[PDB]
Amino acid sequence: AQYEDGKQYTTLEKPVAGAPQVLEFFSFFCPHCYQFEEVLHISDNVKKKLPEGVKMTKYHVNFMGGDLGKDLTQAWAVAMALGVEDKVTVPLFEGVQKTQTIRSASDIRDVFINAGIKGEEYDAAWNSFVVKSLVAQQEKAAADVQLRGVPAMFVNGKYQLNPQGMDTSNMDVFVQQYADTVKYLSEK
């Protein structure tokens, strides 16, 4: 074939019932995630090629950056709850990996404040049980697929993207190949 198990994707031996259709895992400590978001715009290009009636989910993971890693997962829960993912993703990535001005929960908070979310509104979210379950979901989804690395994408809880098996000579070509694979896996 032209798409073959083990080449552009791998198949999960232990399939995951009821999973989100397109599920992506990242970490703000993850250098390739930085690339995936800021240089490649993977999530967005995948979306551009998905059929619609297709829900796209992105979750943070705990296993990088120790204590701040967890904070970052709670903060992403807050971002999801407030629907401000698009206003913090870039300053969070740059704060962790470019300028290195994120060192504590408080610095994470500053990004939101400067992105216009109100202090009160952030702290309330931060402490809300809706946010707790949202953190729980993120962890549960990671746990369901035996996740030990990011960036990672899963399609219908049964296929995992395999980007090491795609040409990286041209960044645009890498993205299209990636996205087209998601779409093929989507229709499978």
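In case it trips you up, residue 1 is the first one in the sequence shown, and so on.
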property: Which of 169-177 and 8-16 has higher mean CA B factor, as the PDB entry lists it; result: 8-16
property: Stretch exceeding the other in mean C-alpha B-factor - 149-157, 47-55; result: 47-55
property: Lowest, middle or highest third - CA B-factor, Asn162; result: highest
property: Chain thirds of CA B-factor: placement of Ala79; result: lowest
property: Third of chain Cα B-factors occupied by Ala1; result: highest
property: Cα B factor band for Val90 (lowest, middle or highest third within the chain); result: middle
property: Ranked C-alpha temperature factor of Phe28 among modelled chain residues, by third; result: lowest
